[PDB]
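Colleague: Pasting a structure below so you can have a look.
Cβ sites come from the backbone with ideal geometry, for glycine too, and all protein chains shown count toward neighbours. Quick note: the coordinates plus some simple rules give every number you see, no bench work behind them.
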Ligand SMILES: [Fe+3]
Ligand SMILES: [Fe+3]
Ligand SMILES: [Fe+3]
Ligand SMILES: [Fe+3]
Ligand SMILES: [Fe+3]
Ligand SMILES: [Fe+3]
Ligand SMILES: [Fe+3]
Ligand SMILES: [Fe+3]
Ligand SMILES: [K+]
Ligand SMILES: [K+]
């Protein structure tokens, strides 16, 4: 992605849950109007140059790329099911382990990014987690009792305030 | 001398003190950007009680009450989330008839105010994000009992903005239960009398978030009938002092008055100066975005009835991108989707989960089990029926029985491996009715039904292998210092995979 | 001496004699190819009563009882088909509790036979088409009351073929109410006791045809509760003499016994010699095709209880491609689709019509009315919800309010003019569950939701102009000889267009 157009893709994460060569998540940042639409060129190039990728997801810069509940939040809210799902190579070469054309269905490029210029309509609001301090209200026994029940998406959302 | 509720918020607060789940403080918290700021730090955690609220000498504030779902399930006597879904959907089909008590026995009618009705003097308005301009009351559920709901009852949250004293805006989402009352009585000369209740019993907080499941709970159903059947005792109602309606008797604050559908005003002042709709911020919305201000109808308060101010009545302010708002809105909706799938063909759907990450009405995950060849393909009938009967669902995912439905990395594993992108993606209603908050046909794109299930008979090719996590014991190899050092670095998908051995 | 039913078939036959709607004869009709042959000649017409049936010295036969819908609506006190749909859907939500009378007061238990149970000796089997090989009993509805239907009740038709004396086949369509009882108690060692009733009251004939509408009438509902609420009086039940179940007391013949789900036999002899399924004819089916013979479960009759043979008890044989079979199967299904659309968003759908030409469960036509901009697009939510909650619907059409919903040339006019072929054709569930009779996914193609409605705000461009058929009078220009000569050549779309002036 830095070879094709540099400065757009900020982070690439492949987790445990997308197997070895099953999928990937990239994170793009659109600086202007010309760079809008470059992430669809990235998802077609990732799914073609990697053999047997089935799920390439492009997300925007305000997403935690390691929190996997944040990726499902972008699939719910930022995905048009008619336009933002790519099937670039239907009948190409996939992987025969994981169940003029073959039986490979094509892969899935999912554009969960925001459009450029519509960032104000899609802006995630930030709560005041830095304007208040929890040490002024509770003692340290009550903080560690309350912080020990937090797991999953709430550890990522309490850090960013999102 | 003093009246006591049956299963109200004060009895639930004493139960949290016995189990050690209640965290209290006496420092003066701010309603401006400190209640929801502390709620976001401790999202999905223990209930926090604020005894001292700034410029609120009689009000107490509870927050994060529905944060952890393990203490909501311990409150109502449920073992897990699978026992929670199957018992509320049992309680939907058998509602309990609510009782009506006298006006001298209702604890919410201890202090009845009929003049100088300043609602911001008595009810606590909060501010969520620092980009807001206005202070928003959003702690009240709307109790409509009687002939305006066809002999049934309705409870559900509505946000307010009191800017003209006793008159404030009343935001109704379109297609809801309050929208169906308002479109029926739009051209009526008489106003609609309703009652907004604050500091409700937590069974009535539970059914308050149920909405857009109207094939199961239609207009004319008993929404406080389900709240009676969840707690096991019928909810006490009482007649209003001024208007001809009914309240919830075991609440803390009750607003009585009339709703004017034709009288519409702007929610914010800066959207009232520039008279447009849909671009100016009010507070955040249910999607994790900002809601915008619109031309909401007006609720004209005629009376404020409230408990005794020396006993310090409790309000429940909550943020909208919190796990309170997830576990209120999506908890009966897990059961109502499970009730719809058991209505269509029973015995197939095992579990329905709606997490925090699929917003309120954004999506759902169901879990099916195909017993034979005839039941194969029934999950595509379920995903089309879920996406049509729930207004504004965008992502319904059906998974098989060998998937952890609560681990969200396990759902992404089914999207990678078990989904054909040509056949297993459903777009059932392209151009139908969606939700206008979350961005002969409309602009709605249709929703997405994703069939991540295995085919019947191909279960051996799609079987997840199980490692021997029960054939070996780690206590025979390492000491207990080395186990807890090694178990403390495990988070995410590896906690689910080490339990099942998958 | 003699027991009298409340609202049974004998009381309905006396009401048809008073209005002149009953046509009787004393010639000996044949059950082989003469009852259904005379039913097809007079399809959609007056009820025909056969006093003498060949090789049936105690049986009387009524046919074409539900043929004309204008005399079904006159029987139950309904003005038209719009009043029929809105009152049965009212009666779905308020069922009447059926009463239980004693065994000495039930008229169907006058003659109880427990030995030499030859069902073809007493119950009339008919043959529809000349390509058949076997004689089929298909006049009985299946009454399951009690713990096998979760405290509710179920009535519905099932075909039989008694070939082994008291043992005959019992065809259950998959996904039905009897299929859900059978899949629950498939591995049970005890058999399922049910009761097949013949010569039922016509309110119980009316709800018998209701099926695959299980979001409205699920398992555990009261299907004889709706039959009590249609006729206005509760249906009398009585305990069986041998088995532990309940019958309908005001019937003419009742078969009592047990259903064996694991014991399965072939329906025909020629499909039993060559042991395949799905190619050999049994009788025609509901689609207007032939049904094929399969491996049906067996109903083991233990007792035959019947009225007194000198009083000549009445059976109701009917063809399956007749207007009896259309107006039995699609009449509560018109109301249940109307109940589902009023559950989702009320006030939009005005009328639901399922004609003869869309078979039983093949299709439906709804009629919507868009009041404002918010209600635009709600009919695509309706067509996706109708096609998913009804199993095996293939053609759901939504039309606007200026269409005659009963004139079928007016529906083809909306397919020509108001349908975009790119946007207004819905395929909601491609690969789901359909019907195997009518020819991770199945072979079902998905159904077809057709949006033939106008957009909101474009009603002036799509307005049908109205000619002046009321501003002129034809009696001022022609005599009454010339009017009735000119009006007798009008049939089809021109009868609907001359009434509305359209
Ligand atoms: Fe990695
Ligand atoms: Fe996108
Ligand atoms: Fe409601
Ligand atoms: Fe939830
Ligand atoms: Fe699949
Ligand atoms: Fe039934
Ligand atoms: Fe019909
Ligand atoms: Fe159209
Ligand atoms: K609600
Ligand atoms: K039926």
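Colleague: Just name the residue that is farthest from residue B:385 (Cα to Cα) out of those in the stretch C:402-427 that are within 13 Å of chain B (Cβ to nearest Cβ) and either part of a helix (DSSP H, G or I) or within 16 Å of ligand 10 (Cβ to nearest atom) (or both).
Modeller: Looking at the filtered set, the residue picked out is C:417.
Colleague: Across the stretch B:177-199, which residue is nearest to ligand 2 (Cβ to nearest atom) among those that are within 19 Å of residue B:301 (Cα to Cα) and under 18 Å from the mean Cα position of the chain (by Cα)?
Modeller: Filtering first and then ranking leaves B:178.
Colleague: While we're here: Which residues, taken from the stretch A:13-26, are away from ligand 2 (no atom under 16 Å from the Cβ) and surrounded by 14 or more Cβ atoms within 10 Å (Cβ to Cβ)?
Modeller: In the first step, residues of the stretch A:13-26 are kept if they are away from ligand 2 (no atom under 16 Å from the Cβ); the result is A:13-24.
Scanning the stretch A:13-26 gives A:13, A:14, A:15, A:16, A:17, A:18, A:19, A:21, A:22, A:23, A:24.
Colleague: Looking only at the stretch B:283-335, count every residue that is buried (at least 24 other Cβ atoms within 10 Å of the Cβ) and within 15 Å of residue B:169 (Cα to Cα) and tell me the total.
Modeller: 3
Colleague: Next question. Scanning the stretch C:428-453 for residues that are under 30 Å from residue B:456 (Cβ atoms) and within 16 Å of ligand 8 (Cβ to nearest atom), which turns out farthest from the other protein chains (Cβ to nearest Cβ)? Show your work before the answer.
Modeller: Going through the stretch C:428-453, the residues under 30 Å from residue B:456 (Cβ atoms) turn out to be C:428-449.
Pick out the ones that are also within 16 Å of ligand 8 (Cβ to nearest atom) and you get C:448-449.
Numbers: C:448: 13, C:449: 8 Å.
Once the filter is applied, the top-ranked residue is C:448.
Colleague: Across the stretch A:138-154, what is the number of residues that are in a helix (DSSP H, G or I) and farther than 14 Å from residue B:38 by Cα?
Modeller: Quick first cut of the stretch A:138-154, residues in a helix (DSSP H, G or I) only: A:140-147, A:153-154.
Still in the running and farther than 14 Å from residue B:38 by Cα: A:140-141, A:144-145, A:153.
Qualifying residue count for the region: 5.
Colleague: Can I ask one more? Being under 13 Å from residue C:208 (Cα atoms) and assigned to a loop (DSSP other than H, G, I, E, B) is the filter here; which residues of the stretch C:122-145 pass it? So that I can check it myself, show each step before the final result.
Modeller: The first filter runs over the stretch C:122-145 and keeps only residues under 13 Å from residue C:208 (Cα atoms), leaving C:138-144.
C:138, C:139, C:140, listed by residue number.
Colleague: Filter the stretch C:323-339 for residues that are over 10 Å from the mean Cα position of the chain (by Cα) and more than 14 Å from chain B (Cβ to nearest Cβ); which is farthest from residue C:41 (Cα to Cα)?
Modeller: C:335
Colleague: Moving to a separate point now. Please verify whether residue B:342 is surrounded by fewer than 23 Cβ atoms within 10 Å (Cβ to Cβ), more than 14 Å from chain A (Cβ to nearest Cβ) and assigned to a helix (DSSP H, G or I), treating the condition exactly as stated.
Modeller: Values: surrounded by fewer than 23 Cβ atoms within 10 Å (Cβ to Cβ): yes; more than 14 Å from chain A (Cβ to nearest Cβ): yes; assigned to a helix (DSSP H, G or I): yes.
So residue B:342 fits the description; yes.
Colleague: Kindly indicate which of B:74, B:24, B:6, B:14 is over 30 Å from residue B:145 (Cα atoms), out of contact with any helix residue (DSSP H, G or I) (no Cβ under 8 Å at 6 or more places or on another chain) and surrounded by fewer than 20 Cβ atoms within 10 Å (Cβ to Cβ).
Modeller: Numbers: B:74 fails: over 30 Å from residue B:145 (Cα atoms); B:6 fails: over 30 Å from residue B:145 (Cα atoms); B:14 fails: over 30 Å from residue B:145 (Cα atoms).
From the options B:74, B:24, B:6, B:14, the qualifying one is B:24.
Colleague: Moving on to the next point. Contact list please: Cβ distance under 7 Å, first residue in the stretch B:147-162 and away from chain C (no Cβ under 14 Å) and more than 26 Å from residue B:122 (Cβ to Cβ), second residue assigned to a loop (DSSP other than H, G, I, E, B) and more than 16 Å from ligand 1 (Cβ to nearest atom), pairs at least six apart or on different chains.
Modeller: As it stands, the answer is none, since no pair meets every condition given.
Colleague: Across the stretch B:424-479, what is the total count of residues that are farther than 27 Å from residue B:380 by Cα and either exposed (fewer than 15 other Cβ atoms within 10 Å of the Cβ) or in contact with a helix residue (DSSP H, G or I) (Cβ under 8 Å, 6 or more places away or on another chain) (or both)? Full working, then the answer.
Modeller: Looking only at the stretch B:424-479, we keep the residues that are farther than 27 Å from residue B:380 by Cα, and these are B:437, B:466-479.
Narrowing further to those that are either exposed (fewer than 15 other Cβ atoms within 10 Å of the Cβ) or in contact with a helix residue (DSSP H, G or I) (Cβ under 8 Å, 6 or more places away or on another chain) (or both): B:466-479.
Counting residues in the stretch B:424-479 that are farther than 27 Å from residue B:380 by Cα and either exposed (fewer than 15 other Cβ atoms within 10 Å of the Cβ) or in contact with a helix residue (DSSP H, G or I) (Cβ under 8 Å, 6 or more places away or on another chain) (or both) gives 14.
Colleague: Could you check how many residues of the stretch C:345-365 are touching a helix residue (DSSP H, G or I) at 6+ places or on another chain (Cβ under 6 Å), more than 9 Å from chain B (Cβ to nearest Cβ) and part of a loop (DSSP other than H, G, I, E, B)?
Modeller: Result for the stretch C:345-365: 3.
Colleague: Okay, moving on. Here's a check for you: in the stretch B:366-395, which residue that is more than 7 Å from chain C (Cβ to nearest Cβ), part of a helix (DSSP H, G or I) and over 19 Å from residue A:77 (Cα atoms) is farthest from the chain's Cα centre (by Cα)?
Modeller: That would be B:379.
Colleague: Restricting to the stretch C:210-248, and then to whatever is within 14 Å of chain B (Cβ to nearest Cβ) and within 16 Å of ligand 7 (Cβ to nearest atom), can you tell me which residue is nearest to residue C:114 (Cα to Cα)? Break it down into steps so the answer makes sense when it comes.
Modeller: Going residue by residue through the stretch C:210-248, those that are within 14 Å of chain B (Cβ to nearest Cβ) are C:211-222.
From the residues that got through so far, the ones that are within 16 Å of ligand 7 (Cβ to nearest atom) too are C:211-213.
Working: C:211: 32, C:212: 35, C:213: 37 Å.
Per the stated criteria, the residue is C:211.
Colleague: If a residue counts only when it is surrounded by 24 or more Cβ atoms within 10 Å (Cβ to Cβ), which helices (runs of 4 or more DSSP H) contained entirely in the stretch C:155-274 have at least 1 such residues?
Modeller: Numbers: elements: C:177-184, C:202-208, C:223-231, C:270-273.
Passing ranges, in order: C:177-184, C:202-208, C:223-231.
Colleague: Something else: Looking at (1) within 16 Å of ligand 5 (Cβ to nearest atom); (2) more than 18 Å from residue B:421 (Cα to Cα), can you tell me which one residue A:108 breaks?
Modeller: (2)
Colleague: Moving on to the next point. Checking residue C:399 against (1) within 16 Å of ligand 8 (Cβ to nearest atom); (2) at the interface with another protein chain (Cβ under 9 Å from one of its Cβ atoms); (3) in contact with a helix residue (DSSP H, G or I) (Cβ under 6 Å, 6 or more places away or on another chain), which single condition isn't satisfied?
Modeller: (2)
Colleague: How about the stretch B:129-147: which of its residues are surrounded by fewer than 19 Cβ atoms within 10 Å (Cβ to Cβ) and closer than 17 Å to residue B:240 by Cα?
Modeller: Correct list: B:146, B:147.
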